[PDB]
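S.K.: start.tsv is reproduced in full below (TSV, C-alpha atoms and all ligand atoms).
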chain	number	residue	atom	x	y	z
N	23	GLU	CA	-9.88	65.32	-5.02
N	24	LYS	CA	-13.58	64.58	-5.34
N	25	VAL	CA	-13.93	67.14	-8.13
N	26	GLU	CA	-11.66	65.64	-10.78
N	27	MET	CA	-13.43	62.27	-11.11
N	28	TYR	CA	-16.64	64.22	-11.72
N	29	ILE	CA	-14.75	66.25	-14.33
N	30	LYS	CA	-13.50	63.10	-16.05
N	31	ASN	CA	-16.93	61.46	-15.77
N	32	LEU	CA	-18.46	64.41	-17.64
N	33	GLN	CA	-17.23	62.88	-20.93
N	34	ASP	CA	-18.11	59.27	-20.07
N	35	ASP	CA	-20.02	57.23	-22.64
N	36	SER	CA	-22.90	56.43	-20.28
N	37	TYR	CA	-25.53	59.15	-19.94
N	38	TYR	CA	-26.26	58.18	-16.33
N	39	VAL	CA	-22.74	58.77	-15.01
N	40	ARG	CA	-22.70	62.12	-16.82
N	41	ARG	CA	-25.83	63.08	-14.88
N	42	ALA	CA	-24.24	62.10	-11.56
N	43	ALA	CA	-21.15	64.18	-12.35
N	44	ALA	CA	-23.09	67.28	-13.41
N	45	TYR	CA	-25.35	66.75	-10.39
N	46	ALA	CA	-22.40	66.63	-7.99
N	47	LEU	CA	-20.49	69.46	-9.69
N	48	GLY	CA	-23.55	71.61	-9.01
N	49	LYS	CA	-22.99	70.95	-5.31
N	50	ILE	CA	-19.19	70.84	-5.13
N	51	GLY	CA	-17.65	72.23	-8.34
N	52	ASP	CA	-15.66	75.45	-8.53
N	53	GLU	CA	-14.01	77.47	-11.31
N	54	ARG	CA	-11.98	74.41	-12.35
N	55	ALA	CA	-15.15	72.86	-13.76
N	56	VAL	CA	-16.78	75.49	-15.98
N	57	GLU	CA	-14.77	74.67	-19.12
N	58	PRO	CA	-15.86	71.00	-18.88
N	59	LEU	CA	-19.38	71.98	-17.79
N	60	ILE	CA	-19.60	74.39	-20.74
N	61	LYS	CA	-18.96	71.36	-22.96
N	62	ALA	CA	-21.56	69.41	-20.97
N	63	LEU	CA	-24.05	72.05	-22.14
N	64	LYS	CA	-23.76	70.46	-25.60
N	65	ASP	CA	-24.75	67.03	-24.27
N	66	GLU	CA	-27.21	64.60	-25.82
N	67	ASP	CA	-29.06	64.03	-22.54
N	68	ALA	CA	-31.31	66.95	-21.62
N	69	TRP	CA	-30.89	66.02	-17.95
N	70	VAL	CA	-27.13	66.50	-18.34
N	71	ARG	CA	-27.54	69.84	-20.13
N	72	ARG	CA	-30.00	71.02	-17.49
N	73	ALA	CA	-27.84	70.09	-14.49
N	74	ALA	CA	-24.86	71.67	-16.27
N	75	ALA	CA	-26.55	75.07	-16.61
N	76	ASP	CA	-27.68	74.59	-13.01
N	77	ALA	CA	-24.03	74.23	-12.00
N	78	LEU	CA	-22.57	77.01	-14.16
N	79	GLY	CA	-24.89	79.57	-12.57
N	80	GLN	CA	-24.07	78.22	-9.12
N	81	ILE	CA	-20.37	78.64	-9.91
N	82	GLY	CA	-21.00	82.13	-11.30
N	83	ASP	CA	-18.15	82.36	-13.82
N	84	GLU	CA	-18.52	84.94	-16.60
N	85	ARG	CA	-17.28	82.54	-19.29
N	86	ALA	CA	-20.55	80.58	-19.13
N	87	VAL	CA	-22.47	83.59	-20.47
N	88	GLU	CA	-22.17	83.18	-24.24
N	89	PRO	CA	-22.76	79.39	-23.93
N	90	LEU	CA	-25.79	79.79	-21.65
N	91	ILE	CA	-27.27	82.39	-24.02
N	92	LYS	CA	-27.40	79.75	-26.76
N	93	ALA	CA	-28.76	77.31	-24.18
N	94	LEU	CA	-31.65	79.79	-23.95
N	95	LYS	CA	-32.51	78.46	-27.43
N	96	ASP	CA	-32.42	74.79	-26.39
N	97	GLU	CA	-35.15	72.41	-27.50
N	98	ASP	CA	-36.01	71.39	-23.92
N	99	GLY	CA	-37.97	73.94	-21.92
N	100	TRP	CA	-36.49	72.87	-18.59
N	101	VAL	CA	-33.03	73.40	-20.09
N	102	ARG	CA	-33.89	76.93	-21.24
N	103	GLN	CA	-35.16	77.75	-17.75
N	104	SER	CA	-31.96	76.44	-16.15
N	105	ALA	CA	-29.93	78.69	-18.46
N	106	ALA	CA	-32.19	81.66	-17.68
N	107	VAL	CA	-31.74	81.25	-13.92
N	108	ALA	CA	-28.02	80.61	-14.42
N	109	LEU	CA	-27.52	83.85	-16.36
N	110	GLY	CA	-29.48	85.58	-13.61
N	111	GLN	CA	-27.06	84.23	-11.02
N	112	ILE	CA	-24.04	85.41	-13.02
N	113	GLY	CA	-25.42	88.95	-13.38
N	114	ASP	CA	-23.80	89.64	-16.75
N	115	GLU	CA	-25.53	92.41	-18.71
N	116	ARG	CA	-25.00	90.56	-22.01
N	117	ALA	CA	-27.84	88.18	-21.10
N	118	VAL	CA	-30.38	91.03	-20.87
N	119	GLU	CA	-31.44	91.23	-24.52
N	120	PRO	CA	-31.68	87.41	-24.96
N	121	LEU	CA	-33.48	87.09	-21.61
N	122	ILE	CA	-35.94	89.73	-22.84
N	123	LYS	CA	-36.65	87.35	-25.72
N	124	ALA	CA	-37.09	84.49	-23.24
N	125	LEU	CA	-39.70	86.70	-21.54
N	126	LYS	CA	-41.94	85.59	-24.44
N	127	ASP	CA	-41.05	81.88	-24.39
N	128	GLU	CA	-43.73	79.37	-25.33
N	129	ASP	CA	-43.43	77.71	-21.89
N	130	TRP	CA	-44.80	79.43	-18.80
N	131	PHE	CA	-42.04	78.23	-16.47
N	132	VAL	CA	-39.35	79.61	-18.80
N	133	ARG	CA	-41.00	83.05	-18.79
N	134	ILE	CA	-40.89	82.95	-14.98
N	135	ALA	CA	-37.19	82.08	-15.08
N	136	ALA	CA	-36.52	84.80	-17.66
N	137	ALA	CA	-38.37	87.40	-15.57
N	138	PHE	CA	-36.49	86.36	-12.43
N	139	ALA	CA	-33.11	86.59	-14.19
N	140	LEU	CA	-33.73	90.10	-15.54
N	141	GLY	CA	-34.78	91.09	-12.03
N	142	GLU	CA	-31.55	89.80	-10.52
N	143	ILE	CA	-29.44	91.54	-13.17
N	144	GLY	CA	-31.25	94.80	-12.41
N	145	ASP	CA	-30.78	96.23	-15.90
N	146	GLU	CA	-33.35	98.91	-16.70
N	147	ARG	CA	-33.74	97.77	-20.32
N	148	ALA	CA	-36.03	95.02	-19.00
N	149	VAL	CA	-38.43	97.44	-17.28
N	150	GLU	CA	-40.95	97.82	-20.13
N	151	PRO	CA	-40.65	94.18	-21.31
N	152	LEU	CA	-41.43	93.31	-17.68
N	153	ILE	CA	-44.26	95.86	-17.58
N	154	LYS	CA	-45.92	94.29	-20.61
N	155	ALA	CA	-45.24	90.92	-18.99
N	156	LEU	CA	-47.76	91.98	-16.33
N	157	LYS	CA	-50.45	91.21	-18.93
N	158	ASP	CA	-49.14	87.70	-19.68
N	159	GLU	CA	-51.86	85.07	-19.95
N	160	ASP	CA	-50.35	83.16	-16.99
N	161	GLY	CA	-50.84	84.72	-13.56
N	162	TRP	CA	-47.68	83.12	-12.18
N	163	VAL	CA	-45.69	84.77	-14.97
N	164	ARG	CA	-47.44	88.08	-14.21
N	165	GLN	CA	-46.52	87.59	-10.55
N	166	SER	CA	-42.87	86.95	-11.42
N	167	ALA	CA	-42.58	90.14	-13.48
N	168	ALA	CA	-44.11	92.13	-10.61
N	169	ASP	CA	-41.37	90.83	-8.31
N	170	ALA	CA	-38.74	91.44	-11.01
N	171	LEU	CA	-39.71	95.09	-11.42
N	172	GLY	CA	-39.52	95.39	-7.63
N	173	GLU	CA	-35.94	94.12	-7.47
N	174	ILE	CA	-34.86	96.61	-10.15
N	175	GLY	CA	-36.72	99.43	-8.44
N	176	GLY	CA	-35.26	102.39	-10.28
N	177	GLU	CA	-37.20	105.55	-10.88
N	178	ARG	CA	-37.90	104.20	-14.37
N	179	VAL	CA	-40.15	101.65	-12.62
N	180	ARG	CA	-41.68	104.26	-10.33
N	181	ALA	CA	-42.40	106.12	-13.55
N	182	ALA	CA	-44.01	103.06	-15.12
N	183	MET	CA	-45.77	102.16	-11.86
N	184	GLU	CA	-47.30	105.64	-11.66
N	185	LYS	CA	-48.46	105.52	-15.29
N	186	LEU	CA	-49.86	102.04	-14.65
N	187	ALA	CA	-51.72	103.02	-11.47
N	188	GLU	CA	-53.14	106.06	-13.29
N	189	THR	CA	-54.11	104.11	-16.40
N	190	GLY	CA	-53.77	100.30	-16.24
N	191	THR	CA	-56.21	97.42	-15.78
N	192	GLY	CA	-56.28	94.12	-13.94
N	193	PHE	CA	-53.19	92.70	-12.27
N	194	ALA	CA	-50.91	95.41	-13.69
N	195	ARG	CA	-53.06	98.02	-11.93
N	196	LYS	CA	-53.18	96.04	-8.67
N	197	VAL	CA	-49.37	95.85	-8.78
N	198	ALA	CA	-48.76	99.54	-9.47
N	199	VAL	CA	-51.29	100.77	-6.89
N	200	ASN	CA	-49.64	98.61	-4.24
N	201	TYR	CA	-46.24	99.89	-5.41
N	202	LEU	CA	-47.29	103.47	-4.63
N	203	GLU	CA	-48.82	102.46	-1.28
N	204	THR	CA	-45.53	100.96	-0.02
N	205	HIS	CA	-42.88	103.40	-1.31
N	222	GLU	CA	-26.83	105.58	-7.44
N	223	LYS	CA	-26.65	101.85	-6.71
N	224	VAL	CA	-22.89	101.29	-6.92
N	225	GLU	CA	-22.39	103.89	-4.18
N	226	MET	CA	-24.67	101.93	-1.84
N	227	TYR	CA	-22.64	98.73	-2.21
N	228	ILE	CA	-19.31	100.51	-1.70
N	229	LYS	CA	-20.61	101.68	1.67
N	230	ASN	CA	-21.91	98.14	2.24
N	231	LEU	CA	-18.31	96.96	1.82
N	232	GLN	CA	-17.59	98.53	5.23
N	233	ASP	CA	-20.64	96.95	6.89
N	234	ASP	CA	-20.38	95.07	10.18
N	235	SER	CA	-22.36	92.07	8.93
N	236	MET	CA	-20.34	89.60	6.85
N	237	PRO	CA	-23.10	88.67	4.33
N	238	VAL	CA	-23.60	92.38	3.54
N	239	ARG	CA	-19.88	92.78	2.80
N	240	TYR	CA	-19.87	89.60	0.69
N	241	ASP	CA	-22.98	90.70	-1.22
N	242	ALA	CA	-21.32	94.08	-1.76
N	243	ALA	CA	-18.22	92.53	-3.34
N	244	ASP	CA	-20.42	90.17	-5.36
N	245	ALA	CA	-22.46	93.15	-6.57
N	246	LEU	CA	-19.60	95.53	-7.40
N	247	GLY	CA	-17.86	92.92	-9.55
N	248	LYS	CA	-20.90	92.16	-11.69
N	249	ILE	CA	-21.63	95.88	-12.10
N	250	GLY	CA	-18.04	96.41	-13.21
N	251	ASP	CA	-17.60	100.11	-12.41
N	252	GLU	CA	-13.98	101.09	-11.79
N	253	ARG	CA	-14.89	103.31	-8.81
N	254	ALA	CA	-15.32	100.08	-6.83
N	255	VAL	CA	-11.66	99.23	-7.45
N	256	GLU	CA	-10.03	101.02	-4.53
N	257	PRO	CA	-12.77	99.94	-2.05
N	258	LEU	CA	-12.45	96.32	-3.20
N	259	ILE	CA	-8.66	96.51	-2.83
N	260	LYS	CA	-9.27	97.37	0.82
N	261	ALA	CA	-11.67	94.43	1.06
N	262	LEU	CA	-8.73	92.21	0.05
N	263	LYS	CA	-7.67	92.60	3.70
N	264	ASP	CA	-11.12	91.71	5.06
N	265	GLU	CA	-11.49	89.76	8.29
N	266	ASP	CA	-13.47	86.98	6.58
N	267	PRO	CA	-11.87	84.97	3.73
N	268	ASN	CA	-15.12	84.69	1.75
N	269	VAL	CA	-15.27	88.48	1.41
N	270	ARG	CA	-11.54	88.46	0.62
N	271	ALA	CA	-11.89	86.04	-2.29
N	272	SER	CA	-15.09	87.72	-3.51
N	273	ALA	CA	-13.40	91.11	-3.78
N	274	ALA	CA	-10.53	89.35	-5.56
N	275	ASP	CA	-12.85	87.87	-8.19
N	276	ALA	CA	-14.64	91.22	-8.46
N	277	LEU	CA	-11.34	92.98	-9.16
N	278	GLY	CA	-10.62	90.44	-11.90
N	279	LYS	CA	-13.94	91.08	-13.63
N	280	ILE	CA	-13.39	94.84	-13.32
N	281	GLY	CA	-10.01	94.34	-14.98
N	282	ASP	CA	-8.54	97.52	-13.49
N	283	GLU	CA	-4.74	97.32	-13.39
N	284	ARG	CA	-4.68	99.14	-10.03
N	285	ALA	CA	-5.44	95.88	-8.19
N	286	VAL	CA	-2.39	94.09	-9.65
N	287	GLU	CA	-0.04	94.77	-6.74
N	288	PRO	CA	-2.58	94.12	-3.93
N	289	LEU	CA	-3.71	90.95	-5.73
N	290	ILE	CA	-0.12	89.68	-5.75
N	291	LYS	CA	-0.22	90.13	-1.97
N	292	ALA	CA	-3.42	88.06	-1.99
N	293	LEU	CA	-1.39	85.26	-3.59
N	294	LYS	CA	0.13	84.79	-0.11
N	295	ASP	CA	-3.13	84.61	1.85
N	296	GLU	CA	-3.91	82.10	4.59
N	297	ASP	CA	-7.02	80.87	2.77
N	298	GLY	CA	-6.40	78.74	-0.30
N	299	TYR	CA	-9.58	79.91	-2.01
N	300	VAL	CA	-8.40	83.52	-1.65
N	301	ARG	CA	-5.13	82.64	-3.38
N	302	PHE	CA	-7.10	80.61	-5.93
N	303	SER	CA	-9.27	83.65	-6.67
N	304	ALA	CA	-6.30	86.03	-6.71
N	305	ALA	CA	-4.51	83.95	-9.34
N	306	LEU	CA	-7.50	83.77	-11.70
N	307	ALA	CA	-8.04	87.52	-11.32
N	308	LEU	CA	-4.42	88.28	-12.24
N	309	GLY	CA	-4.82	86.21	-15.40
N	310	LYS	CA	-7.91	88.22	-16.31
N	311	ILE	CA	-6.01	91.49	-15.86
N	312	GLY	CA	-3.10	90.13	-17.89
N	313	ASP	CA	-0.33	92.20	-16.30
N	314	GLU	CA	3.07	90.58	-16.76
N	315	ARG	CA	4.06	91.49	-13.18
N	316	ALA	CA	1.93	88.49	-12.15
N	317	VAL	CA	4.10	86.00	-14.07
N	318	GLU	CA	6.83	85.73	-11.43
N	319	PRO	CA	4.45	85.35	-8.43
N	320	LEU	CA	2.18	82.97	-10.36
N	321	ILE	CA	5.20	80.84	-11.31
N	322	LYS	CA	6.10	80.28	-7.66
N	323	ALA	CA	2.40	79.61	-7.02
N	324	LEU	CA	2.72	76.44	-9.14
N	325	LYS	CA	4.39	74.90	-6.04
N	326	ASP	CA	1.50	75.58	-3.66
N	327	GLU	CA	0.16	73.29	-0.94
N	328	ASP	CA	-3.28	73.47	-2.56
N	329	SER	CA	-4.02	71.63	-5.81
N	330	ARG	CA	-6.63	74.26	-6.70
N	331	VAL	CA	-4.12	77.11	-6.33
N	332	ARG	CA	-1.65	75.14	-8.45
N	333	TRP	CA	-4.38	74.87	-11.10
N	334	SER	CA	-5.23	78.58	-11.04
N	335	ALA	CA	-1.51	79.35	-11.32
N	336	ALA	CA	-1.22	77.45	-14.61
N	337	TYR	CA	-4.48	78.77	-16.06
N	338	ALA	CA	-3.57	82.39	-15.27
N	339	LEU	CA	-0.13	81.89	-16.81
N	340	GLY	CA	-1.99	80.65	-19.88
N	341	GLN	CA	-4.13	83.80	-19.97
N	342	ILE	CA	-1.09	86.07	-19.65
N	343	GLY	CA	0.91	84.29	-22.34
N	344	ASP	CA	4.41	85.13	-21.09
N	345	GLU	CA	7.20	82.81	-22.24
N	346	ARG	CA	8.87	82.95	-18.80
N	347	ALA	CA	6.45	80.25	-17.59
N	348	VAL	CA	7.27	77.69	-20.30
N	349	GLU	CA	9.68	75.56	-18.25
N	350	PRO	CA	7.73	76.02	-14.98
N	351	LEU	CA	4.76	74.53	-16.86
N	352	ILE	CA	6.90	71.71	-18.26
N	353	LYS	CA	7.71	71.06	-14.62
N	354	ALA	CA	3.98	71.27	-13.85
N	355	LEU	CA	3.27	68.49	-16.38
N	356	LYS	CA	4.41	66.08	-13.63
N	357	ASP	CA	2.14	67.32	-10.84
N	358	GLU	CA	0.49	64.76	-8.58
N	359	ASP	CA	-2.94	66.31	-9.14
N	360	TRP	CA	-4.38	65.29	-12.50
N	361	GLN	CA	-5.96	68.52	-13.74
N	362	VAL	CA	-3.00	70.61	-12.60
N	363	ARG	CA	-1.10	68.79	-15.35
N	364	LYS	CA	-4.11	69.19	-17.66
N	365	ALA	CA	-4.07	72.94	-17.00
N	366	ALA	CA	-0.30	73.11	-17.57
N	367	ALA	CA	-0.71	71.41	-20.96
N	368	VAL	CA	-3.43	73.94	-21.82
N	369	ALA	CA	-1.16	76.79	-20.73
N	370	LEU	CA	1.75	75.67	-22.93
N	371	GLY	CA	-0.71	75.46	-25.82
N	372	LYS	CA	-1.84	79.04	-25.26
N	373	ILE	CA	1.73	80.37	-25.03
N	374	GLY	CA	2.88	78.24	-27.95
N	375	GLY	CA	6.09	80.13	-28.64
N	376	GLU	CA	9.05	78.73	-30.51
N	377	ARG	CA	10.40	77.91	-27.05
N	378	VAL	CA	7.37	75.68	-26.38
N	379	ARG	CA	7.95	73.79	-29.63
N	380	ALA	CA	11.58	73.06	-28.74
N	381	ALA	CA	10.67	72.09	-25.18
N	382	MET	CA	8.00	69.57	-26.21
N	383	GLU	CA	10.11	67.76	-28.82
N	384	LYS	CA	12.67	67.19	-26.08
N	385	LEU	CA	9.76	65.99	-23.94
N	386	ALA	CA	8.42	63.86	-26.80
N	387	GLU	CA	11.59	61.74	-26.89
N	388	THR	CA	12.70	61.96	-23.23
N	389	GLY	CA	9.35	62.25	-21.44
N	390	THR	CA	7.40	59.64	-19.51
N	391	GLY	CA	3.67	58.96	-19.41
N	392	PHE	CA	1.40	61.99	-19.28
N	393	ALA	CA	4.10	64.60	-19.96
N	394	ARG	CA	5.29	62.47	-22.88
N	395	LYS	CA	1.69	61.94	-24.03
N	396	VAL	CA	0.92	65.66	-24.29
N	397	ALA	CA	4.33	66.46	-25.82
N	398	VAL	CA	3.55	64.13	-28.73
N	399	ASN	CA	0.03	65.58	-28.89
N	400	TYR	CA	1.27	69.18	-29.11
N	401	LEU	CA	3.61	68.26	-31.97
N	402	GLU	CA	0.75	66.47	-33.74
N	403	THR	CA	-1.58	69.48	-33.60
N	404	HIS	CA	0.96	72.16	-34.57
N	405	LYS	CA	1.87	70.39	-37.83
N	406	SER	CA	0.43	71.15	-41.27
Y	501	NA	NA	-31.58	68.90	-13.41
Go through the file and emit its structure as C-alpha cells.
Ligand code: NA

M.R.:
Amino acid sequence: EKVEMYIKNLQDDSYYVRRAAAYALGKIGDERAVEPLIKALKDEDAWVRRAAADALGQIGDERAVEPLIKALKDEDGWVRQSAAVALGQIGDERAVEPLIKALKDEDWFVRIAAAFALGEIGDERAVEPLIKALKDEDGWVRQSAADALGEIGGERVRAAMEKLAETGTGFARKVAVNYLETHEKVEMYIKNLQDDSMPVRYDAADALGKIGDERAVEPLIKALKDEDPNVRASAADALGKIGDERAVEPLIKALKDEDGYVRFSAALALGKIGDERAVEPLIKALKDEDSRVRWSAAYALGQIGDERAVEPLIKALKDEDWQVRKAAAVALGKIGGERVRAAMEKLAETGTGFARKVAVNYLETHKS
C-alpha cells in the first residue's frame, strides 16, 4: 500500500515528486511498477529518467528491455549508463548488440557501464568488442573490460587471451598474461539448483530463466517445491520467461503457495505461457488475501485473453486496492470481445464511481 502512491505520483506535474516516486520504487517497487516506470523513462527530468532505469533493472522484468535500449541513446550520459547497468541486471540477450555500441560511447562512465553489462549477460558476441576495449584511452574503461571478459570466461576468451599474451602490448598484454597465470554453463546451474546454500539455488533459478534453455524446465519445476520461498518464486518467474508449457500444471499448484510473492510470480508466469488452463485458477485468484496476487491475476488474465474472465474482471473493477481495479480495466481492454462491449454499456449506465468511469472510457475509445 506504499507502492501505489508512488505509482500515481509518477505522473504528477511536479518534477520533484516524480523523482521521489522513482527513487522509492527503486527500493520498494515490484512487477506492478514497470509499466509506469517504462513511461517514466520518457520523462522531461533526466533525474527521473535515470532513477527509472535504475529501478527497472532492479526489478528485472524483461519488458523493460526494448525501452531501456532506446534509453541507451538518451541525451544525458548518466541516463545512458543507468540503462546500460539495468539491461545488464535483466540479462536479456537483445541488449548485447546495442550495448556493444555503448562500448564506444563518448562518455567514459557509460563505456564502463556498457562493459559491465555485457559481462553480466555473458554473451560471447561481446568478447572481441571487449578485447579491443582493452586499448580504450581511459584506463578505468580498460579495467572494466578486463573484468567483463573474466565474467564471460568461455574458451573464446582463453583463445583471445592466449593470442593477446603472445602478441599484445600494454594493458591488454598485462591482462592476458595474468589470465594465463591464474587459470556447458546451463548444466552447471541446473546442478546448482540442488545446492545446499540458498543463494546458490536462487542464483541458479535467476540464471536459468535469463538463459532460457528448455532443459532447465523440469529442474525448475522441482524448484517450485523449494524450501525457501525466494527460490520458489524465482523458479516460477524463470519458467515464465522460458515459456515451456510443461510448467503449466505445477505453476497452477504454485498459485496455492504459502508465500504471496510465489503466487504473485506464478500468476504472471502463467500469463506469459498463455495456456487457457490457467484461466479458471487465475479467476479464483482474483479473490486473494494479497493485493499483489489479485493484481497479477488480472494482468495474467489480460495476457491470456480468454472471455471467461470478463465478468470476474467486472467484479474486480470494485476491488479495495486501487491498481487491482486499474489492472482489471486493462484486462477487459485486452480481451475486448463483444461480451466486454455489452458488459461495459450496462456498467456505463448502472455503474458507480471508478467502475462507471472506466465503462464510459471503454465505450469512448472503441468508437469510430
Ligand atoms: Na538517479

S.K.: Using all atoms listed in the file, which protein or nucleic acid residues come within 6 Å of residue 73 of chain N? Drop anything in the same chain fewer than 2 positions from it, and give the result as a PyMOL selection string.

M.R.: chain N and resi 44-45+70-71+75-76

S.K.: Which residues, written as a count of residues only, have at least one atom at most 10 Å from segment 290-297 of chain N, with only C-alpha atoms counted and residues fewer than 5 positions away on the same chain left out?

M.R.: 27

S.K.: Grab the atom CA of residue 398 of chain N to atom CA of residue 340 of chain N distance for me, in Å with one decimal place.

M.R.: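 Answer for the atom CA of residue 398 of chain N to atom CA of residue 340 of chain N separation: 19.5 Å.
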
S.K.: What is the distance, in Å and to one decimal place, between atom CA of residue 50 of chain N and atom CA of residue 25 of chain N?

M.R.: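 The value is 7.1 Å.
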
S.K.: One decimal, in Å: what's the spacing between atom CA of residue 66 of chain N and atom CA of residue 372 of chain N?

M.R.: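 Distance between the two atoms: 29.2 Å.
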
S.K.: Extract, using only C-alpha atoms, all DNA, RNA and protein residues at most 12 Å from residue 176 of chain N, discarding same-chain residues fewer than 3 positions from it, and format them as a PyMOL selection string.

M.R.: chain N and resi 141+144-149+170-173+179-183+205+222-223

S.K.: Point out the residue among N:162, N:131, N:28, N:100 with the least atom-to-atom distance to ligand NA 501 (chain Y), counting all atoms listed in the file.

M.R.: N:100

S.K.: Could you check the closest approach to residue 343 of chain N for each of N:139, N:374, N:31, N:201 and tell me which residue wins, using all atoms listed in the file?

M.R.: N:374

S.K.: If you count only C-alpha atoms, which residues fall within 9 Å of residue 378 of chain N, apart from same-chain ones fewer than 4 positions away, as a ChimeraX atom specification?

M.R.: /N:345,348-349,370-371,373-374,382-383

S.K.: Can I get the selection written as an mmCIF file, in the coordinates of the input, with C-alpha atoms?

M.R.:
data_model
loop_
_atom_site.group_PDB
_atom_site.id
_atom_site.type_symbol
_atom_site.label_atom_id
_atom_site.label_comp_id
_atom_site.auth_asym_id
_atom_site.auth_seq_id
_atom_site.Cartn_x
_atom_site.Cartn_y
_atom_site.Cartn_z
ATOM 1 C CA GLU N 345 7.200 82.810 -22.240
ATOM 2 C CA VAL N 348 7.270 77.690 -20.300
ATOM 3 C CA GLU N 349 9.680 75.560 -18.250
ATOM 4 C CA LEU N 370 1.750 75.670 -22.930
ATOM 5 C CA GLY N 371 -0.710 75.460 -25.820
ATOM 6 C CA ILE N 373 1.730 80.370 -25.030
ATOM 7 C CA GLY N 374 2.880 78.240 -27.950
ATOM 8 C CA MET N 382 8.000 69.570 -26.210
ATOM 9 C CA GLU N 383 10.110 67.760 -28.820
#

S.K.: Name the closest residue to ligand NA 501 (chain Y) among the candidates N:249, N:140, N:339, N:105; distances are taken between atoms, counting all atoms listed in the file.

M.R.: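 Among the listed residues, N:105 lies closest to ligand NA 501 (chain Y).
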
S.K.: Pick the closest to residue 309 of chain N from N:63, N:29, N:186, N:286: which is it, counting all atoms listed in the file?

M.R.: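 Under the stated criterion, the closest residue is N:286.
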
S.K.: Rank N:81, N:90, N:269, N:121 by their smallest atom-to-atom distance to residue 238 of chain N, using only C-alpha atoms, and report the top residue only.

M.R.: N:269

S.K.: Between N:404, N:196, N:133, N:72, which residue has the minimum interatomic distance to ligand NA 501 (chain Y), considering only C-alpha atoms and all ligand atoms?

M.R.: N:72

S.K.: Around (-30.3, 81.0, -21.8), as given in the file, which residues come within 10 Å? Count only C-alpha atoms and list them as a ChimeraX atom specification.

M.R.: /N:75,87-96,101-110,117,120-121,123-124,132,135-136,139

S.K.: Which residues are close to residue 272 of chain N, i.e. within 7 Å by only C-alpha atoms, leaving aside same-chain residues fewer than 4 positions away? Reply as a PDB file with C-alpha atoms, keeping the file's coordinate frame.

M.R.:
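Done, and the output landed in part-v8.pdb:
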ATOM      1  CA  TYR N 240     -19.870  89.600   0.690  1.00  0.00           C
ATOM      2  CA  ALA N 243     -18.220  92.530  -3.340  1.00  0.00           C
ATOM      3  CA  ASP N 244     -20.420  90.170  -5.360  1.00  0.00           C
ATOM      4  CA  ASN N 268     -15.120  84.690   1.750  1.00  0.00           C
ATOM      5  CA  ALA N 276     -14.640  91.220  -8.460  1.00  0.00           C
TER       6      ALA N 276
END

S.K.: Please write as number ranges by chain the list of polymer residues whose atoms come within 8 Å of (-11.7, 66.7, -12.1), counting only C-alpha atoms and keeping to the coordinates of the file.

M.R.: N: 23-30, 54-55, 360-361
